[PDB]
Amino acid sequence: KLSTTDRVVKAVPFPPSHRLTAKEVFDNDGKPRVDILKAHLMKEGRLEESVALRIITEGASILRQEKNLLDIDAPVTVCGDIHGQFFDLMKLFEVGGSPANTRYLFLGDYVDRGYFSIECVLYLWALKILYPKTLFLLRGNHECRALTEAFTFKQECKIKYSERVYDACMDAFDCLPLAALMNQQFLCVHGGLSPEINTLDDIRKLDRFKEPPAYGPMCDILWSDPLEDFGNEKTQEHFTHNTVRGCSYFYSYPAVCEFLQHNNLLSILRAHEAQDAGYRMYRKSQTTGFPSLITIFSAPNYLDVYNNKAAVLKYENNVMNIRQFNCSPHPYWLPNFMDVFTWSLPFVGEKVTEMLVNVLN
């Protein structure tokens, strides 16, 4: 009948086993060859450990020389959470345009939850090497050690590469800028505002080359959310304890609007919170007539269950163009990268034992 050696479902391509070398990932000038890298990672291809570390460290060196608060001019396509959904990241660049001719800004949460986080890091770091002054990456609350060891990035790295590659990602993440000032109008962060941050200068004075502390302004940038009832304030408090996160704070519509007014800003662009449409426009500020807060979320069908759209903000020609997209197929992993023997063997022992017991009564 069906072969016992040859693969049953031959329409599925067998993933490549060869690990790409330096010569194959970097061209004659040392520029990453992103087409090779994309094609190879789309097939679940892996790199040699030394090449992976080169991408991470060379990207880190570029990030290490950028400011806490980037100055990014328009036009630019702003993007929210990715959470290891590499194949939606492929779709994302289709929707927003190739980075060869498109300025990009990412607000963090590249890893965890999705099971292609290391591919997201490697490809985005390779783009950052190739386009150091037109593709920008900020830190999210997940680009740290506390979360990657609790969720799945650390395990993913140990499964596909090594803890050394993981450690290298952690040192690289410590270099990620925290915020961007976009076209002199928008503060861009992963999470939001801090009680201890009242000026743009307060972000500039921070020391970011560290694990995120458990409290403080750096924590707050990566962790804060708008109030559940943002804009319908019976609450009077500008900042209150964020009981969803267990740390940092909720910030209110008066809090956001005062910050915008003090610092001469149009809106706050952030991410950090899933949205059914991939974005949310919050109540306009009464002095700007413009949404005080914008959440952008770029991980469609989040966790393979939310069934949400994802979106990016293309800001260009004084138009804020929301571009939505749907999820794309992605190869399957068992939860926590479990192999099929570990998965099924307890069921084998169970059912052969059950059969034998029934055979014998």
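Each residue number is its position in the shown sequence, starting from 1.
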query: Mean temperature factor over C-alpha atoms, higher-scoring stretch between 133 to 141 and 234 to 242; finding: 234 to 242
query: Average Cα temperature factor in the PDB entry - higher stretch of 296 to 304, 23 to 31; finding: 23 to 31
query: 257, 89, 157, 172, ranked by C-alpha B-factor: the highest one; finding: 257
query: 77, 199, 117, 275, ranked by C-alpha B-factor: the highest one; finding: 199
query: Within-chain third of residue 211 by Cα B-factor, per the entry; finding: middle
query: Record-listed C-alpha B factor of residue 248: chain third; finding: middle
query: Residue 49, C-alpha B-factor rank within chain (lowest, middle or highest third); finding: middle
query: Residue 284 CA temperature factor, ranked by third within the chain; finding: highest
query: Ranked C-alpha temperature factor of residue 220 among modelled chain residues, by third; finding: middle
